[PDB]
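Heads up: the sequence shown runs through residues 63 to 101, 108 to 197, numbered per mature numbering (1 follows the signal peptide of the UniProt record, and there is no 0).
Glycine included, each C-beta is placed from N, C-alpha and C at the ideal position.
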Amino acid sequence: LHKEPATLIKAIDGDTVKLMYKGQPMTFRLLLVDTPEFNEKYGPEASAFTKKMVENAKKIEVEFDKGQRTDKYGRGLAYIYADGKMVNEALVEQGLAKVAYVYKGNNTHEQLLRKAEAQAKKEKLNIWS
Ligand SMILES: Cc1cn([C@H]2C[C@H](OP(=O)(O)O)[C@@H](COP(=O)(O)O)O2)c(=O)[nH]c1=O
Ligand SMILES: [Ca+2]
């Protein structure tokens, strides 16, 4: 896998963000995770976490996996990095997302994210509290 540039257009919620990629606006859905909806418990906190992380970054990058690059709703499916830290991983380390939606062929960072979830669950953080 490889990182490609993008710039933020707008934070949406815990696991969706609007980015400019190859010069075109796209909504990205973070691979391999699930944040609560804004209306559910920990939703606001996930949205805020992601928002802060993407808005404060000097450098946003997109990393597609090996499979499908857009989902059935036209959202890009990627690992998104903010100054080299994976937002997908950071949410999970924080107990603000679960590992979820693990489809064969776009699952490169599964075990990385599961390891983070195990540690969050042991700290009993947020979702795991
Ligand atoms: C994360 C991800 C979600 N999706 C689809 C599955 C779910 O379909 P359904 O809408 O039919 O439940 C939906 C979940 O995304 P959200 O959690 O953003 O709703 O997006 C993919 O198809 N591929 C993916 O990698
Ligand atoms: Ca969600």
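- Not a single heavy atom of ligand 2 lies less than 6 Å from the C-beta of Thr118.
- Nearest Cα to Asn156 within the set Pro87, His177, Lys84 and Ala186: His177.
- Annotation for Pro67: the continuous beta strand (DSSP E) segment containing it runs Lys65 to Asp75.
- With a 10 Å radius around the Cβ and a threshold of 16 neighbouring Cβ atoms, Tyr147 comes out buried.
- Short note on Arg91: C-beta closer than 6 Å to some heavy atom of ligand 1.
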